[PDB]
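Have a look at the structure below before the remarks.
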Amino acid sequence: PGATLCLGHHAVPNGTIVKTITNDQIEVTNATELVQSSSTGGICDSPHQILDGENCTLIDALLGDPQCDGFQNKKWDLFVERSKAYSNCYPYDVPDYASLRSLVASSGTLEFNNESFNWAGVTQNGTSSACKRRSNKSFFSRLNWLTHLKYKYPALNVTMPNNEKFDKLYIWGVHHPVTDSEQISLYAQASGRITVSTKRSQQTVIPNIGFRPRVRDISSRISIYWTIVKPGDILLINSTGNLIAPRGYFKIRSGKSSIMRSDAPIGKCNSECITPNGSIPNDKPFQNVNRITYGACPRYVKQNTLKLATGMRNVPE
Amino acid sequence: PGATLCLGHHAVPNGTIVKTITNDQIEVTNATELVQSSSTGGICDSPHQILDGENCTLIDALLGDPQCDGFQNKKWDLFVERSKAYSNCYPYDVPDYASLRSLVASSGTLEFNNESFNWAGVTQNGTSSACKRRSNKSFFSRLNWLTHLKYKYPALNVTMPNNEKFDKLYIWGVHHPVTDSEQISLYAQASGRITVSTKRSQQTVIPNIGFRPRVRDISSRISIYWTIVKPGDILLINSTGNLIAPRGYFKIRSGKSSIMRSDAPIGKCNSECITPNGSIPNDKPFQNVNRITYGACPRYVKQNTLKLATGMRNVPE
Amino acid sequence: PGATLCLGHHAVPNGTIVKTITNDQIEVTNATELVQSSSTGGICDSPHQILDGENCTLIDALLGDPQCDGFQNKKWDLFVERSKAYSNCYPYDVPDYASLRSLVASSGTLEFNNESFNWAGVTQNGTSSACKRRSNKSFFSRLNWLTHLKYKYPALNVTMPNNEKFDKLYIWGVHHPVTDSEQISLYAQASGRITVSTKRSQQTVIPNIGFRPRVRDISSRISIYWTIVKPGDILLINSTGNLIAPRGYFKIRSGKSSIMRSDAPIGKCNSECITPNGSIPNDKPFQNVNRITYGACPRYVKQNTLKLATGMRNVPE
Ligand SMILES: *[C@@H]1O[C@H](CO)[C@@H](O[C@@H]2O[C@H](CO)[C@@H](O[C@@H]3O[C@H](CO)[C@@H](O)[C@H](O[C@H]4O[C@H](CO)[C@@H](O)[C@H](O)[C@@H]4O)[C@@H]3O)[C@H](O)[C@H]2NC(C)=O)[C@H](O)[C@H]1NC(C)=O
Ligand SMILES: *[C@@H]1O[C@H](CO)[C@@H](O[C@@H]2O[C@H](CO)[C@@H](O[C@@H]3O[C@H](CO)[C@@H](O)[C@H](O[C@H]4O[C@H](CO)[C@@H](O)[C@H](O)[C@@H]4O)[C@@H]3O)[C@H](O)[C@H]2NC(C)=O)[C@H](O)[C@H]1NC(C)=O
Ligand SMILES: *[C@@H]1O[C@H](CO)[C@@H](O[C@@H]2O[C@H](CO)[C@@H](O[C@@H]3O[C@H](CO)[C@@H](O)[C@H](O[C@H]4O[C@H](CO)[C@@H](O)[C@H](O)[C@@H]4O)[C@@H]3O)[C@H](O)[C@H]2NC(C)=O)[C@H](O)[C@H]1NC(C)=O
Ligand SMILES: *[C@@H]1O[C@H](CO)[C@@H](O[C@@H]2O[C@H](CO)[C@@H](O[C@@H]3O[C@H](CO)[C@@H](O)[C@H](O)[C@@H]3O)[C@H](O)[C@H]2NC(C)=O)[C@H](O)[C@H]1NC(C)=O
Ligand SMILES: *[C@@H]1O[C@H](CO)[C@@H](O[C@@H]2O[C@H](CO)[C@@H](O[C@@H]3O[C@H](CO)[C@@H](O)[C@H](O)[C@@H]3O)[C@H](O)[C@H]2NC(C)=O)[C@H](O)[C@H]1NC(C)=O
Ligand SMILES: *[C@@H]1O[C@H](CO)[C@@H](O[C@@H]2O[C@H](CO)[C@@H](O[C@@H]3O[C@H](CO)[C@@H](O)[C@H](O)[C@@H]3O)[C@H](O)[C@H]2NC(C)=O)[C@H](O)[C@H]1NC(C)=O
Ligand SMILES: *[C@@H]1O[C@H](CO)[C@@H](O[C@@H]2O[C@H](CO)[C@@H](O[C@@H]3O[C@H](CO)[C@@H](O)[C@H](O)[C@@H]3O)[C@H](O)[C@H]2NC(C)=O)[C@H](O)[C@H]1NC(C)=O
Ligand SMILES: *[C@@H]1O[C@H](CO)[C@@H](O[C@@H]2O[C@H](CO)[C@@H](O[C@@H]3O[C@H](CO)[C@@H](O)[C@H](O)[C@@H]3O)[C@H](O)[C@H]2NC(C)=O)[C@H](O)[C@H]1NC(C)=O
Ligand SMILES: *[C@@H]1O[C@H](CO)[C@@H](O[C@@H]2O[C@H](CO)[C@@H](O[C@@H]3O[C@H](CO)[C@@H](O)[C@H](O)[C@@H]3O)[C@H](O)[C@H]2NC(C)=O)[C@H](O)[C@H]1NC(C)=O
Ligand SMILES: *[C@@H]1O[C@H](CO)[C@@H](O[C@@H]2O[C@H](CO)[C@@H](O)[C@H](O)[C@H]2NC(C)=O)[C@H](O)[C@H]1NC(C)=O
Ligand SMILES: *[C@@H]1O[C@H](CO)[C@@H](O[C@@H]2O[C@H](CO)[C@@H](O)[C@H](O)[C@H]2NC(C)=O)[C@H](O)[C@H]1NC(C)=O
Ligand SMILES: *[C@@H]1O[C@H](CO)[C@@H](O[C@@H]2O[C@H](CO)[C@@H](O)[C@H](O)[C@H]2NC(C)=O)[C@H](O)[C@H]1NC(C)=O
Ligand SMILES: *[C@@H]1O[C@H](CO)[C@@H](O)[C@H](O)[C@H]1NC(C)=O
Ligand SMILES: *[C@@H]1O[C@H](CO)[C@@H](O)[C@H](O)[C@H]1NC(C)=O
Ligand SMILES: *[C@@H]1O[C@H](CO)[C@@H](O)[C@H](O)[C@H]1NC(C)=O
Ligand SMILES: *[C@@H]1O[C@H](CO)[C@@H](O)[C@H](O)[C@H]1NC(C)=O
Ligand SMILES: *[C@@H]1O[C@H](CO)[C@@H](O)[C@H](O)[C@H]1NC(C)=O
Ligand SMILES: *[C@@H]1O[C@H](CO)[C@@H](O)[C@H](O)[C@H]1NC(C)=O
Ligand SMILES: *[C@@H]1O[C@H](CO)[C@@H](O)[C@H](O)[C@H]1NC(C)=O
Ligand SMILES: *[C@@H]1O[C@H](CO)[C@@H](O)[C@H](O)[C@H]1NC(C)=O
Ligand SMILES: *[C@@H]1O[C@H](CO)[C@@H](O)[C@H](O)[C@H]1NC(C)=O
């Protein structure tokens, strides 16, 4: 009679369909998903240092909008900007806004150091009812609105050397009055001009008098500029009116900091990968949650699923 | 005696050479080409909506050059700009020309809506012999050349609210006269200035008096600017001379529209993929016709041929 | 008794570990390295035409700094800029510096042709003690500092047609005096203005009077501009003061030229691939020396080694 000896392999009742080079649908015994397609919905506060902007854009926190005083000198790995954020100070613009936002975001600090600028012969600390703190007239915390002193505004020609080891970031502005009479009222002369320089750079800005649509009841504007001063270089501000003066400098660092627009709530939890939709697990190589990511993240792809076979072809009985 | 039974495979007398991982030349029984290397030479008018610019650049059709009146309010999927196109109006430039061209191309419409601007106290509808229609002096159709009225040009301070659901695109300009006397002749004062603003943006432009080389017998110039006004925002134009005024706004849409530079003839035929050399079939995954494409196109590669084996190794008798 | 016949394969005592799809460490009989990770440390002078900038940036060689006269009319495949380079002329800036540097680098020539500009009614060839040659006061070789003649500076309105087959590159500038009295001293009027135009472009620049920090004992500045003039177009310079005039044009070519920042010494040797660290062999497909390359180079990757098996699995006795 003898014997029979059969060689074989396993199978399962519940196989999974995968793609191959020669067939778009072949059943295997098991597979694993390579695309992360879900988020928790919240941004985990760990292990990156998260700073929720709340009502403040980064730029408003930089300048010192009345609603942003709690942000002074804070650092972040990721600054989270909310869609509801709005300004509540003097109406302003920033030529190149995107670049200033980017460079501050990347620096990852609002560390500010006051300096003693000699603003000889003018009135300091101007305020406005468009920028209140506690119902008092106020202004951006990091800027100094200079006006005439006894109807004189003598030329400013002011120096500030950088004798530090690090670069200094200076934020400053120009005031664009609504009318010729507002110009004379504030600065005691018919126009102004501002030249801000270092040994290696120069910027000059001319105020432009005229009506813009009222924002927080103001038809004038401030335009914001910036200047970086290297170790052993010197900031020189030369102006005859309309200067929104710096009060000091921001530290500028390099590192892994960034900024993200998101309305996701921040949670007490730990996740390396952040998207605007919330944190996502990072076990998988790919993800289809968002092209926008921060941290150790899977790579964004268009597919919502990619199944890797982890078993043989399934050939059921 | 018994029998002989031989297993085998086919071969062909006319095999084709392909590349593999281990050999750059191996003969197989059959192959197919994966690189599209030929075009029809014409651009098929279907199924994309093609607009042939003919003598008009997109920007000339936007502004309303005399040769471009047939383009009013037209839409396109693909605007085709011809190398022979030339201007036949007042000589102009557009700072950022490439961006305005791009944003209009992408919007895919020249839909224009007139608005009733209150140009109080000035002469409207200025014309020039450098911009004729039917031998009459004329001007860009979408712009309004304002000049003095009885040797006065009172300050303009004009508002236009956007109470629509959509964004408005405003095109406007500044006139740069050739001399101080041309300046006084046209505007009744020694210089002008233009500030165009919204709640969230501002642009001011100063005219620059002087000689440029004559183009269509004109040594002055117009410089063209634009402003986008969001729903619930307000356009404000504040000017004292030299304003080339808007007559209304363009609609701005988003969608799949673009622009292509090509001299290929447009034909009555149907092809999904357009290149500057003409339409190409899109059965193949790759193509070497042109890096510039529009529609459902094969991907541009440097190779002029890539043969995919569709049969076994050919081993002839 | 019969015989035994065994089939087998070789092995070696000194195998090498490679990576595969299924195993990160498998020993094979032999392998070859696909990542170039070392350089010679020097840049080979062959076969690309190398121009060592020595003390001169490309822009200083363009303008004609006193230390750069040996560079006149030189050509290069690769201009090598040294970190020690410094300027020794009048302090200047170039708005868009990076673009002018790039376009000259890519052109690959400093070929200069003098032209006879009619600077009627002014003093030519101004010099300064901040820009000495051989202890004499001097100036940039390719620029012409115009000042008043007998306390008059009549308006300049000067033309230069391009009747060549090629494009002309014009370099010119604006002088920004330190004070109102320096302005009057040099130009005999209270301000200047410069409009440089062609049939298809225009640039106007306003001088900005004021103090900048002293560089080589100078608190004023020059700002450098450029203009390209096509065949059959015409350069027109219209100015009333502060013009740093062109002396002629640079040829502008297209080809394979570039610029590299490196402190590597130049050697007498032959290598197709240049990096800032020195030339590297180009037998391998990949390299991890530097992302910055010029010539026929392996592709930059992050890995420092990638071993390709060139033999079977090693199975020692
Ligand atoms: C189908 O194929 C997949 C992929 O092979 C397979 O999934 C794998 O299953 C194993 C076993 O369950 C998982 O191993 C676990 O991994 C987690 C980390 O995420 C560990 O926490 C687990 O630890 C347990 O066991 C340890 C033993 O030392 C203990 O230390 C500890 O107490 C834990 O209880 C464990 O190592 C592995 O993560 C997955 N892999 C993937 C990619 O999902 C799945 O099992 C297969 N299914 C079938 C039906 O065969
Ligand atoms: C070498 O290999 C290639 C690739 O396999 C092979 O080319 C293929 O040939 C087949 C058969 O001729 C083609 O099939 C045709 O495809 C077109 C679409 O482009 C259809 O219009 C054709 O329809 C005909 O037959 C249909 C049957 O139902 C009818 O509906 C109709 O009336 C038509 O007459 C047909 O399906 C196929 O497109 C190509 N593929 C490629 C990539 O070219 C070629 O035949 C092989 N050569 C040899 C000598 O073996
Ligand atoms: C392990 O695998 C590698 C890769 O296969 C293998 O390296 C190769 O070795 C051969 C033989 O030494 C090399 O061939 C030489 O290539 C150089 C060019 O760089 C030539 O100059 C050499 O020419 C000599 O021989 C010629 C014969 O006609 C003569 O013309 C001349 O006089 C020269 O003496 C020769 O062709 C080849 O370059 C390498 N390849 C790589 C990628 O390194 C290595 O030998 C293997 N090791 C073992 C132990 O098996
Ligand atoms: C130039 O044009 C602008 C824009 O039209 C004019 O601005 C407008 O000025 C009026 C008068 O001051 C403003 O009215 C105010 O509205 C607020 C809000 O309801 C109200 O609280 C005040 O009591 C007053 O009614 C109006 O807001 C403002 N509009 C805009 C869009 O800014 C300006 O007056 C013109 N200038 C001249 C000199 O004509
Ligand atoms: C750059 O800084 C300098 C240094 O302060 C400024 O120059 C100075 O400007 C003042 C006032 O504008 C000048 O004084 C005036 O002199 C005239 C002429 O006699 C007189 O009519 C006025 O009543 C007043 O006294 C001063 O002369 C001048 N100093 C120098 C050394 O030139 C300059 O204004 C600053 N630039 C900017 C853009 O602010
Ligand atoms: C400033 O310089 C410019 C450039 O050289 C001068 O422009 C030139 O002006 C002359 C005189 O008007 C123009 O001549 C005209 O040429 C046309 C074309 O053939 C002809 O039809 C007219 O009858 C006349 O001859 C010339 O075209 C023009 N050149 C350029 C390049 O624009 C300008 O005159 C100078 N201004 C002053 C005040 O000197
Ligand atoms: C921005 O829009 C306003 C509103 O029209 C313009 O301000 C107004 O400008 C006019 C004419 O330039 C001023 O009138 C002049 O007053 C002087 C001083 O008495 C007189 O010498 C002139 O004969 C003329 O009457 C008017 O006062 C002024 N209005 C206000 C409220 O300040 C302004 O010009 C516009 N800006 C631009 C850049 O166009
Ligand atoms: C406006 O402010 C600037 C910046 O503080 C002043 O520039 C400074 O001017 C002084 C006086 O000329 C310069 O002093 C010189 O220093 C050199 C170098 O040691 C020395 O050789 C000279 O004998 C003299 O002492 C100083 O270098 C310069 N500083 C900078 C940073 O540029 C300018 O004087 C002010 N203008 C007015 C009108 O007040
Ligand atoms: C653009 O080039 C033209 C052509 O030279 C310049 O225009 C000319 O400028 C001069 C001097 O600025 C003017 O002369 C002056 O006339 C007045 C009025 O009588 C007088 O007070 C002065 O003493 C002097 O004679 C000349 O009239 C004028 N020519 C023309 C045809 O308008 C212009 O200045 C140049 N632009 C720039 C930005 O340099
Ligand atoms: C994560 O958020 C993104 C961004 O909002 C979502 O992507 C959008 O999805 C909507 C459909 O509801 C599309 O209309 C948009 O085109 C997408 N936005 C952009 C900017 O491309 C996405 O659905 C979210 N993913 C998960 C897993 O929650
Ligand atoms: C399609 O048009 C392109 C663009 O003109 C052609 O590519 C050019 O080919 C010429 C040779 O005649 C080269 O000198 C140029 O370098 C190419 N132009 C550019 C801009 O790179 C191409 O030959 C055409 N292809 C087909 C199939 O007609
Ligand atoms: C070639 O030069 C580059 C550039 O300096 C070297 O890369 C740097 O390596 C240092 C470590 O000493 C790092 O701190 C820097 O991040 C690298 N620089 C940049 C700009 O990324 C590299 O080591 C050199 N390679 C060889 C083979 O000599
Ligand atoms: C098949 O069933 C087993 C046991 O319930 C399970 O662990 C495995 O993941 C299933 N296969 C699927 C879901 O494809
Ligand atoms: C943000 O602003 C809203 C009003 O716009 C206010 O209700 C809320 O309390 C503010 N939040 C903070 C943190 O200041
Ligand atoms: C301006 O305000 C600061 C506090 O913000 C104060 O220290 C300083 O003395 C004030 N200076 C003047 C001149 O008012
Ligand atoms: C070989 O000949 C057949 C019959 O003529 C043809 O259909 C096939 O495409 C040919 N092979 C080529 C052109 O490589
Ligand atoms: C375009 O311009 C040329 C003359 O430059 C003319 O012959 C042709 O008819 C014009 N075409 C159209 C459509 O206006
Ligand atoms: C300007 O021209 C338009 C037609 O283009 C006309 O409706 C309008 O009445 C004219 N206005 C003036 C003031 O000439
Ligand atoms: C093994 O030894 C031989 C002979 O010395 C040598 O040629 C070969 O490259 C060696 N293998 C290595 C270094 O992996
Ligand atoms: C470059 O400058 C240094 C001084 O800074 C000098 O020693 C050297 O000789 C100069 N080299 C050349 C080639 O001019
Ligand atoms: C200016 O200098 C050049 C030599 O650099 C000389 O040929 C020319 O004659 C000089 N012109 C004047 C007006 O000084």
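Letters A, B, ... go to the chains of the structure tokens in the order shown; residues in each chain start at 1; ligands are counted from 1 in the same order.
Taking only C-alpha atoms and all ligand atoms into account, every polymer residue with at least one atom at most 6 Å away from ligand 12 is listed here: residues 37, 38, 39, 277, 289 and 290 of chain C.
For chain A, the residues close to chain C, meaning within 8 Å and counting only C-alpha atoms, are residues 157, 195, 196, 197, 198, 199, 200, 201, 202, 204, 234, 235, 236 and 238 of chain A.
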>> Just want the residues within 9 Å of ligand 20, written as number ranges by chain, counting only C-alpha atoms and all ligand atoms.
In response: C: 53-56, 67-68, 84-86
Contacts of stretch 243-260 of chain B at 8 Å (only C-alpha atoms; same-chain gap of 4+ positions) as a PDB file with N, CA and C atoms, in the first residue's frame:
```pdb
ATOM      1  N   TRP B  76     -11.699  81.508 -21.998  1.00  0.00           N
ATOM      2  CA  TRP B  76     -10.879  80.451 -22.607  1.00  0.00           C
ATOM      3  C   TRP B  76     -10.490  79.423 -21.571  1.00  0.00           C
ATOM      4  N   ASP B  77     -10.225  78.218 -22.055  1.00  0.00           N
ATOM      5  CA  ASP B  77      -9.395  77.265 -21.356  1.00  0.00           C
ATOM      6  C   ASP B  77      -7.914  77.534 -21.659  1.00  0.00           C
ATOM      7  N   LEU B  78      -7.587  77.762 -22.931  1.00  0.00           N
ATOM      8  CA  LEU B  78      -6.228  78.075 -23.341  1.00  0.00           C
ATOM      9  C   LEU B  78      -6.193  79.262 -24.274  1.00  0.00           C
ATOM     10  N   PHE B  79      -5.536  80.332 -23.825  1.00  0.00           N
ATOM     11  CA  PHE B  79      -5.273  81.505 -24.654  1.00  0.00           C
ATOM     12  C   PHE B  79      -3.979  81.259 -25.412  1.00  0.00           C
ATOM     13  N   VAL B  80      -4.006  81.391 -26.728  1.00  0.00           N
ATOM     14  CA  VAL B  80      -2.818  81.130 -27.539  1.00  0.00           C
ATOM     15  C   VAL B  80      -2.244  82.451 -28.019  1.00  0.00           C
ATOM     16  N   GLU B  81      -1.053  82.785 -27.512  1.00  0.00           N
ATOM     17  CA  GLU B  81      -0.323  84.015 -27.878  1.00  0.00           C
ATOM     18  C   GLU B  81       0.662  83.781 -29.022  1.00  0.00           C
ATOM     19  N   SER B 102      -0.023  86.131 -16.008  1.00  0.00           N
ATOM     20  CA  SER B 102      -0.311  84.850 -15.372  1.00  0.00           C
ATOM     21  C   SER B 102      -1.669  84.804 -14.673  1.00  0.00           C
ATOM     22  N   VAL B 104      -4.385  86.735 -15.048  1.00  0.00           N
ATOM     23  CA  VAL B 104      -5.473  86.825 -16.008  1.00  0.00           C
ATOM     24  C   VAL B 104      -5.611  85.522 -16.808  1.00  0.00           C
ATOM     25  N   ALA B 105      -4.487  84.958 -17.259  1.00  0.00           N
ATOM     26  CA  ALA B 105      -4.494  83.691 -18.003  1.00  0.00           C
ATOM     27  C   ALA B 105      -5.177  82.589 -17.214  1.00  0.00           C
ATOM     28  N   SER B 106      -4.824  82.510 -15.931  1.00  0.00           N
ATOM     29  CA  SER B 106      -5.332  81.511 -15.003  1.00  0.00           C
ATOM     30  C   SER B 106      -6.807  81.724 -14.649  1.00  0.00           C
ATOM     31  N   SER B 107      -7.221  82.973 -14.597  1.00  0.00           N
ATOM     32  CA  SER B 107      -8.609  83.331 -14.369  1.00  0.00           C
ATOM     33  C   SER B 107      -9.488  82.882 -15.540  1.00  0.00           C
ATOM     34  N   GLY B 108      -9.001  83.082 -16.762  1.00  0.00           N
ATOM     35  CA  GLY B 108      -9.632  82.520 -17.951  1.00  0.00           C
ATOM     36  C   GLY B 108     -10.822  83.304 -18.468  1.00  0.00           C
ATOM     37  N   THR B 109     -10.896  84.580 -18.102  1.00  0.00           N
ATOM     38  CA  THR B 109     -11.982  85.427 -18.559  1.00  0.00           C
ATOM     39  C   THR B 109     -11.549  86.878 -18.663  1.00  0.00           C
ATOM     40  N   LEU B 110     -12.099  87.557 -19.666  1.00  0.00           N
ATOM     41  CA  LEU B 110     -11.999  89.011 -19.833  1.00  0.00           C
ATOM     42  C   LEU B 110     -13.333  89.699 -19.552  1.00  0.00           C
ATOM     43  N   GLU B 111     -14.271  88.976 -18.935  1.00  0.00           N
ATOM     44  CA  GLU B 111     -15.546  89.557 -18.479  1.00  0.00           C
ATOM     45  C   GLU B 111     -15.303  90.881 -17.761  1.00  0.00           C
ATOM     46  N   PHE B 112     -15.924  91.943 -18.270  1.00  0.00           N
ATOM     47  CA  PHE B 112     -15.692  93.284 -17.770  1.00  0.00           C
ATOM     48  C   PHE B 112     -17.029  93.902 -17.412  1.00  0.00           C
ATOM     49  N   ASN B 113     -17.090  94.586 -16.270  1.00  0.00           N
ATOM     50  CA  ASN B 113     -18.288  95.313 -15.846  1.00  0.00           C
ATOM     51  C   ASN B 113     -17.942  96.779 -15.616  1.00  0.00           C
ATOM     52  N   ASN B 114     -18.590  97.662 -16.370  1.00  0.00           N
ATOM     53  CA  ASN B 114     -18.428  99.100 -16.202  1.00  0.00           C
ATOM     54  C   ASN B 114     -18.994  99.523 -14.878  1.00  0.00           C
ATOM     55  N   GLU B 115     -18.358 100.518 -14.278  1.00  0.00           N
ATOM     56  CA  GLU B 115     -18.873 101.136 -13.075  1.00  0.00           C
ATOM     57  C   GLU B 115     -18.878 102.641 -13.252  1.00  0.00           C
ATOM     58  N   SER B 116     -19.774 103.311 -12.511  1.00  0.00           N
ATOM     59  CA  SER B 116     -19.966 104.756 -12.568  1.00  0.00           C
ATOM     60  C   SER B 116     -19.084 105.481 -11.554  1.00  0.00           C
ATOM     61  N   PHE B 117     -17.819 105.691 -11.907  1.00  0.00           N
ATOM     62  CA  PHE B 117     -16.896 106.485 -11.081  1.00  0.00           C
ATOM     63  C   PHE B 117     -17.216 107.956 -11.248  1.00  0.00           C
ATOM     64  N   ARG B 142     -10.565 100.027 -21.961  1.00  0.00           N
ATOM     65  CA  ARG B 142     -10.918  99.802 -20.575  1.00  0.00           C
ATOM     66  C   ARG B 142     -10.357 100.842 -19.621  1.00  0.00           C
ATOM     67  N   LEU B 143      -9.685 101.868 -20.145  1.00  0.00           N
ATOM     68  CA  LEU B 143      -9.036 102.899 -19.326  1.00  0.00           C
ATOM     69  C   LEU B 143      -9.540 104.283 -19.718  1.00  0.00           C
ATOM     70  N   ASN B 144      -9.430 105.220 -18.792  1.00  0.00           N
ATOM     71  CA  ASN B 144     -10.037 106.541 -18.954  1.00  0.00           C
ATOM     72  C   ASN B 144      -8.980 107.595 -18.673  1.00  0.00           C
ATOM     73  N   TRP B 145      -8.492 108.239 -19.736  1.00  0.00           N
ATOM     74  CA  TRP B 145      -7.453 109.250 -19.595  1.00  0.00           C
ATOM     75  C   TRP B 145      -8.047 110.597 -19.163  1.00  0.00           C
ATOM     76  N   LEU B 146      -7.868 110.946 -17.882  1.00  0.00           N
ATOM     77  CA  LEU B 146      -8.411 112.176 -17.307  1.00  0.00           C
ATOM     78  C   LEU B 146      -7.423 113.322 -17.478  1.00  0.00           C
ATOM     79  N   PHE B 166     -17.979  88.145  -5.336  1.00  0.00           N
ATOM     80  CA  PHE B 166     -16.717  87.764  -5.971  1.00  0.00           C
ATOM     81  C   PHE B 166     -15.686  88.892  -5.886  1.00  0.00           C
ATOM     82  N   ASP B 167     -14.438  88.538  -6.161  1.00  0.00           N
ATOM     83  CA  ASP B 167     -13.354  89.505  -6.191  1.00  0.00           C
ATOM     84  C   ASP B 167     -13.449  90.300  -7.471  1.00  0.00           C
ATOM     85  N   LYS B 168     -13.028  91.560  -7.396  1.00  0.00           N
ATOM     86  CA  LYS B 168     -12.918  92.447  -8.543  1.00  0.00           C
ATOM     87  C   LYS B 168     -11.449  92.731  -8.833  1.00  0.00           C
ATOM     88  N   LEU B 169     -11.094  92.657 -10.111  1.00  0.00           N
ATOM     89  CA  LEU B 169      -9.786  93.069 -10.600  1.00  0.00           C
ATOM     90  C   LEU B 169      -9.876  94.403 -11.309  1.00  0.00           C
ATOM     91  N   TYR B 170      -9.188  95.398 -10.745  1.00  0.00           N
ATOM     92  CA  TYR B 170      -9.075  96.729 -11.320  1.00  0.00           C
ATOM     93  C   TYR B 170      -7.720  96.962 -11.989  1.00  0.00           C
ATOM     94  N   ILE B 171      -7.765  97.434 -13.222  1.00  0.00           N
ATOM     95  CA  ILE B 171      -6.578  97.822 -13.958  1.00  0.00           C
ATOM     96  C   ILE B 171      -6.593  99.327 -14.082  1.00  0.00           C
ATOM     97  N   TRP B 172      -5.446  99.929 -13.807  1.00  0.00           N
ATOM     98  CA  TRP B 172      -5.290 101.382 -13.842  1.00  0.00           C
ATOM     99  C   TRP B 172      -3.860 101.730 -14.168  1.00  0.00           C
ATOM    100  N   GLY B 173      -3.588 103.015 -14.368  1.00  0.00           N
ATOM    101  CA  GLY B 173      -2.253 103.427 -14.775  1.00  0.00           C
ATOM    102  C   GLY B 173      -1.853 104.820 -14.358  1.00  0.00           C
ATOM    103  N   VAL B 174      -0.594 105.133 -14.632  1.00  0.00           N
ATOM    104  CA  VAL B 174      -0.011 106.450 -14.391  1.00  0.00           C
ATOM    105  C   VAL B 174       0.595 106.911 -15.691  1.00  0.00           C
ATOM    106  N   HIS B 175       0.364 108.177 -16.031  1.00  0.00           N
ATOM    107  CA  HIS B 175       0.956 108.766 -17.210  1.00  0.00           C
ATOM    108  C   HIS B 175       2.223 109.509 -16.807  1.00  0.00           C
ATOM    109  N   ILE B 194      -0.541 109.385  -7.208  1.00  0.00           N
ATOM    110  CA  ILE B 194      -1.690 108.498  -7.192  1.00  0.00           C
ATOM    111  C   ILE B 194      -1.539 107.521  -6.032  1.00  0.00           C
ATOM    112  N   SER B 239      -5.936 111.015  -6.043  1.00  0.00           N
ATOM    113  CA  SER B 239      -4.965 111.477  -7.046  1.00  0.00           C
ATOM    114  C   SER B 239      -5.141 112.941  -7.404  1.00  0.00           C
ATOM    115  N   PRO B 276       3.026  73.526 -27.639  1.00  0.00           N
ATOM    116  CA  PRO B 276       3.257  74.598 -28.638  1.00  0.00           C
ATOM    117  C   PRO B 276       3.504  74.100 -30.064  1.00  0.00           C
ATOM    118  N   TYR B 294      -0.442  71.403 -21.946  1.00  0.00           N
ATOM    119  CA  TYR B 294      -1.758  71.761 -21.372  1.00  0.00           C
ATOM    120  C   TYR B 294      -2.731  70.622 -21.658  1.00  0.00           C
TER     121      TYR B 294
END
```
>> At a cut-off of 7 Å around ligand 21, and using only C-alpha atoms and all ligand atoms, what residues come up? Please write them as a PyMOL selection string.
In response: chain C and resi 123-125
Keeping N, CA and C atoms, export the residues of the selection given above as a PDB file, in the first residue's frame.
```
ATOM      1  N   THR C 123      31.584 118.174 -15.802  1.00  0.00           N
ATOM      2  CA  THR C 123      32.921 117.658 -15.560  1.00  0.00           C
ATOM      3  C   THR C 123      32.852 116.122 -15.490  1.00  0.00           C
ATOM      4  N   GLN C 124      33.759 115.464 -16.211  1.00  0.00           N
ATOM      5  CA  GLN C 124      33.830 113.988 -16.259  1.00  0.00           C
ATOM      6  C   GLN C 124      34.936 113.492 -15.364  1.00  0.00           C
ATOM      7  N   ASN C 125      34.936 112.181 -15.134  1.00  0.00           N
ATOM      8  CA  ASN C 125      36.069 111.481 -14.547  1.00  0.00           C
ATOM      9  C   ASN C 125      36.335 111.831 -13.071  1.00  0.00           C
TER      10      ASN C 125
END
```
